[PDB]
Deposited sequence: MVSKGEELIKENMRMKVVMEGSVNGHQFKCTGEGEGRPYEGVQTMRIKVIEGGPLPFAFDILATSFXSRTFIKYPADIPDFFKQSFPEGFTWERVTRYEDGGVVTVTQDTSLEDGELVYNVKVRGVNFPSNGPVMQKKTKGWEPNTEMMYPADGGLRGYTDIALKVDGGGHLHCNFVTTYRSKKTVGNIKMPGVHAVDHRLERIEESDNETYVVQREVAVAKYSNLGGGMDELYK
């Protein structure tokens, strides 16, 4: 069931949520080479735009099938098809902000389909996120631990702040397979290096293109 994930894959994302009670809907289309760990997505804000807050806090919610794994480490994500997987995340910012996210990943006719639900709360009004004074994420490494037929990920990420400085943020992610009929070979502890870099922005961040390169490695 890893021969369902081809050299080239396209994806669709629909994202709904609120940050500090401001409601929005986003859609995205992209492609990547999941064995090379590289992917790009074109994201439109279609409702609630232009967003009051830094789009950066949504950037990480928009794709685990496109992680480069060596032969030596089993790919939890690619093995989950055709049924796919879910993830749940809570992110905590040092200055008070909290974001909780649920993602449903499905495969429908050889396109990856993502449904993402966001809620952000308690961001300080005069802090850099609500003031849209962020310059994207520093490269980060996520630690992955086996847990009950799923994975838990742990990250410390640093958000670049306008005028220098980093806004520190931790999140925990639980990845669960939708695969019931069929086996998954489970990896041990390992890390994923993530580089998420914005390559395009337009009209108050109502159109965003971002590129992620993600590589699994030994610990």
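Residues of the deposited sequence lacking C-alpha coordinates fall in the stretches 1-4, 67, 225-235, numbered from 1.
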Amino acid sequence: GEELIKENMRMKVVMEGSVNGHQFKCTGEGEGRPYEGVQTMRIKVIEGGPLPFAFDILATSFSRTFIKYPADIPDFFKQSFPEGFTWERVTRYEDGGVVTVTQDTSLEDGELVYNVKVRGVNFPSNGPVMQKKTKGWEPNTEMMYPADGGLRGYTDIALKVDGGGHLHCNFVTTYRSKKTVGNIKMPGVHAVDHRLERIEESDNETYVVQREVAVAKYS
From here on, numbers count along this sequence of modelled residues.
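Mean C-alpha B-factor is higher over 153-161 than over the other stretch, the pair under comparison being 153-161 and 39-47. According to the PDB record, 104-112 carries the higher mean C-alpha B-factor of the two stretches 139-147 and 104-112. Comparing the C-alpha B-factors of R33, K185, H190, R176 in the entry, the top value falls on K185. Taking only the listed residues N170, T27, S61, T65, the entry reports the highest CA temperature factor at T65. In this PDB entry, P128 carries a Cα temperature factor that places it within the middle third of its chain's modelled residues.
Among the modelled residues of its chain, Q210 has a C-alpha B-factor that falls in the middle third according to the deposited record. The PDB entry assigns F76 a C-alpha temperature factor belonging to the highest third of its chain's modelled residues. When the CA B factors of the chain's modelled residues are split into thirds, the value for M15 lands in the lowest one. Among the modelled residues of its chain, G84 has a C-alpha B-factor that falls in the middle third, as given in the PDB entry.
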